[PDB]
Structure formats: structure tokens, C-alpha cells
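Everything below concerns the one structure shown next.
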Amino acid sequence: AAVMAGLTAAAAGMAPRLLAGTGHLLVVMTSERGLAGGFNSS
Amino acid sequence: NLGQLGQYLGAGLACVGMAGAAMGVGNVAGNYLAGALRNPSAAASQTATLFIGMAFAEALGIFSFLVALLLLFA
């Protein structure tokens, strides 16, 4: 995070790079096994 | 005859002076091209600056032409 905040401070403009600004995909992290109350429900 | 030899060689020396002018202007021009690559969106600023910057690079070449024409035609 430190190095990333330094590079973005001096990142030419326009045109930068696609991965820092394009110009919806939902990723959902859940358990495989249950018995974890409302962990996965929430 | 003799006097005209002075004048004629002066015209050549004046033409030699232009070797620099074309170089300097070239420098200016090349920066424009490189700048377009980085920021096509700033072509507005680039185009405006093209005129101003190019004019300056030209002027001293024009003044040399006048001097050459003086040496050639009195």
C-alpha cells in the first residue's frame, strides 16, 4: 500500500493504465462447509 | 569582379547559417509528436502551443534570409 500510494502520486495523467481507471462482476467469498450460523447468509 | 566575390561568399555563409535553424525548429516539432502519444486529450493545448513555439523557431531564419537577400541584391 505504501509503494502503491507513492506511484499513484506521480502517475502521468489524459491516459494512465486500464487497471487504475477503465473509462459489473461480483466476487463472493463463502465457506464450503456449513454449521457456521448466518456467516454465509449475511 | 573582386567586390562581388565578397558578396557571393557572404550569401553562402548566410545559407550555412540556416543549417542551425532547421535543427532548432526540428527539436520543437519532435516534442509535439511525443506529447500527442502521451495525451491526445491535450491536443487543444498542443495545437495552440504549436503556433507560438513554431513562430519563434522560424523568425531568426527569416531574418537571415533578409540578410542573404541584402548581400545578393545590394
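Each chain of the C-alpha cells is named A, B, ... in the order shown, its residues numbered from 1; ligands are numbered from 1 in display order.
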
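Near chain A, the residues of chain B that fall inside 12 Å (using only C-alpha atoms) are residues 35, 36, 37, 38, 39, 40, 41, 42 and 43 of chain B.
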
Requested write-out: N, CA, C and O atoms of the selected residues, as a PDB file, in the first residue's frame:
ATOM      1  N   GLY B  35       4.382  14.316 -27.386  1.00  0.00           N
ATOM      2  CA  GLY B  35       3.302  14.746 -26.498  1.00  0.00           C
ATOM      3  C   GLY B  35       1.923  14.228 -26.874  1.00  0.00           C
ATOM      4  O   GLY B  35       1.129  13.886 -25.990  1.00  0.00           O
ATOM      5  N   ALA B  36       1.638  14.186 -28.180  1.00  0.00           N
ATOM      6  CA  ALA B  36       0.394  13.602 -28.703  1.00  0.00           C
ATOM      7  C   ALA B  36       0.194  12.169 -28.231  1.00  0.00           C
ATOM      8  O   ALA B  36      -0.929  11.791 -27.858  1.00  0.00           O
ATOM      9  N   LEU B  37       1.278  11.388 -28.265  1.00  0.00           N
ATOM     10  CA  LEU B  37       1.261   9.998 -27.798  1.00  0.00           C
ATOM     11  C   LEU B  37       0.768   9.877 -26.362  1.00  0.00           C
ATOM     12  O   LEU B  37      -0.142   9.094 -26.077  1.00  0.00           O
ATOM     13  N   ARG B  38       1.367  10.662 -25.468  1.00  0.00           N
ATOM     14  CA  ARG B  38       1.012  10.624 -24.048  1.00  0.00           C
ATOM     15  C   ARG B  38      -0.391  11.165 -23.758  1.00  0.00           C
ATOM     16  O   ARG B  38      -1.140  10.564 -22.981  1.00  0.00           O
ATOM     17  N   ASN B  39      -0.743  12.290 -24.375  1.00  0.00           N
ATOM     18  CA  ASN B  39      -2.029  12.928 -24.101  1.00  0.00           C
ATOM     19  C   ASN B  39      -2.708  13.486 -25.348  1.00  0.00           C
ATOM     20  O   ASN B  39      -2.712  14.698 -25.574  1.00  0.00           O
ATOM     21  N   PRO B  40      -3.334  12.605 -26.146  1.00  0.00           N
ATOM     22  CA  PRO B  40      -4.176  13.027 -27.271  1.00  0.00           C
ATOM     23  C   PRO B  40      -5.307  13.968 -26.826  1.00  0.00           C
ATOM     24  O   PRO B  40      -5.763  14.811 -27.602  1.00  0.00           O
ATOM     25  N   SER B  41      -5.751  13.806 -25.581  1.00  0.00           N
ATOM     26  CA  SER B  41      -6.759  14.675 -24.990  1.00  0.00           C
ATOM     27  C   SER B  41      -6.309  16.125 -24.828  1.00  0.00           C
ATOM     28  O   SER B  41      -7.149  17.021 -24.817  1.00  0.00           O
ATOM     29  N   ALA B  42      -5.000  16.355 -24.704  1.00  0.00           N
ATOM     30  CA  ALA B  42      -4.441  17.709 -24.577  1.00  0.00           C
ATOM     31  C   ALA B  42      -3.988  18.328 -25.914  1.00  0.00           C
ATOM     32  O   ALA B  42      -3.269  19.339 -25.929  1.00  0.00           O
ATOM     33  N   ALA B  43      -4.422  17.743 -27.031  1.00  0.00           N
ATOM     34  CA  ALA B  43      -4.214  18.332 -28.358  1.00  0.00           C
ATOM     35  C   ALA B  43      -4.632  19.806 -28.469  1.00  0.00           C
ATOM     36  O   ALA B  43      -4.016  20.544 -29.222  1.00  0.00           O
TER      37      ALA B  43
END

Record the distance separating CA of residue 18 (chain A) and CA of residue 31 (chain B), expressed in Å with one decimal.
25.3 Å

Restricting the calculation to only C-alpha atoms, which member of B:18, B:44, B:34, B:27 is positioned closest to residue 59 (chain B)?
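Ranking B:18, B:44, B:34, B:27 by distance to residue 59 (chain B), first place goes to B:18.
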
CA of residue 58 (chain B) to CA of residue 46 (chain B): how many Å, to one decimal?
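Value for the CA of residue 58 (chain B)-CA of residue 46 (chain B) distance: 17.7 Å.
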
Would you please work out which residue, of B:72, B:33, B:25, B:13, is nearest to residue 53 (chain B) when using only C-alpha atoms?
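Of all the options, B:25 lies closest to residue 53 (chain B).
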
Nearby residues (only C-alpha atoms) at most 10 Å from residue 29 (chain B), same-chain spacing under 6 positions excluded, as a PyMOL selection string:
chain B and resi 23+50+53-54+57

Same residues, C-alpha atoms, saved as an mmCIF file, in the first residue's frame:
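Saved to again.cif:
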data_model
loop_
_atom_site.group_PDB
_atom_site.id
_atom_site.type_symbol
_atom_site.label_atom_id
_atom_site.label_comp_id
_atom_site.auth_asym_id
_atom_site.auth_seq_id
_atom_site.Cartn_x
_atom_site.Cartn_y
_atom_site.Cartn_z
ATOM 1 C CA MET B 23 17.825 21.840 -36.444
ATOM 2 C CA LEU B 50 2.461 24.616 -31.948
ATOM 3 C CA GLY B 53 6.531 27.814 -30.451
ATOM 4 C CA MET B 54 6.920 27.293 -34.180
ATOM 5 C CA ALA B 57 11.809 28.978 -34.179
#

List every residue of chain A that DSSP, applied to the backbone of this structure, assigns to alpha helix (DSSP H), and report them as a ChimeraX atom specification.
/A:2-9

Would you output that residue set with N, CA and C atoms, as a tab-separated table (two decimals), in the first residue's frame?
chain	number	residue	atom	x	y	z
A	2	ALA	N	1.96	1.25	0.75
A	2	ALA	CA	2.89	2.38	0.78
A	2	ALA	C	3.46	2.69	-0.61
A	3	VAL	N	3.97	1.66	-1.27
A	3	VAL	CA	4.59	1.82	-2.59
A	3	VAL	C	3.53	2.22	-3.61
A	4	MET	N	2.35	1.62	-3.52
A	4	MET	CA	1.24	1.92	-4.43
A	4	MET	C	0.77	3.37	-4.32
A	5	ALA	N	0.69	3.90	-3.10
A	5	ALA	CA	0.31	5.31	-2.88
A	5	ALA	C	1.38	6.31	-3.37
A	6	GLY	N	2.63	5.87	-3.42
A	6	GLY	CA	3.73	6.67	-3.96
A	6	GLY	C	3.71	6.77	-5.48
A	7	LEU	N	3.46	5.64	-6.14
A	7	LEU	CA	3.42	5.59	-7.60
A	7	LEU	C	2.22	6.36	-8.13
A	8	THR	N	1.06	6.19	-7.50
A	8	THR	CA	-0.15	6.90	-7.94
A	8	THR	C	-0.04	8.42	-7.77
A	9	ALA	N	0.81	8.87	-6.84
A	9	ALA	CA	1.10	10.30	-6.70
A	9	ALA	C	1.78	10.91	-7.93

Write out as a list in words the residues lying within 6 Å of residue 11 (chain B), counting only C-alpha atoms and excluding same-chain residues fewer than 3 positions away.
residues 8, 14 and 68 of chain B

Work out how far apart CA of residue 23 (chain A) and CA of residue 1 (chain A) are and give it in Å to one decimal.
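Computing the Euclidean distance for CA of residue 23 (chain A) and CA of residue 1 (chain A) yields 23.4 Å.
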
Would you mind listing what lies within 12 Å of residue 40 (chain A) as an NGL selection string, with only C-alpha atoms counted and same-chain residues fewer than 3 positions away left out?
:A and (28-37)

For the residues in the current selection, export C-alpha atoms as a PDB file, in the first residue's frame.
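Full text of result.pdb as output:
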ATOM      1  CA  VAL A  28     -18.430 -13.696  -3.482  1.00  0.00           C
ATOM      2  CA  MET A  29     -16.315 -15.463  -0.842  1.00  0.00           C
ATOM      3  CA  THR A  30     -18.118 -18.174   1.165  1.00  0.00           C
ATOM      4  CA  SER A  31     -17.317 -21.365   3.083  1.00  0.00           C
ATOM      5  CA  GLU A  32     -17.529 -24.870   1.634  1.00  0.00           C
ATOM      6  CA  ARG A  33     -18.986 -26.436   4.808  1.00  0.00           C
ATOM      7  CA  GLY A  34     -21.887 -25.015   6.820  1.00  0.00           C
ATOM      8  CA  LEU A  35     -22.545 -25.150  10.577  1.00  0.00           C
ATOM      9  CA  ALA A  36     -21.366 -21.521  10.732  1.00  0.00           C
ATOM     10  CA  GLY A  37     -24.645 -19.796  11.681  1.00  0.00           C
TER      11      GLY A  37
END
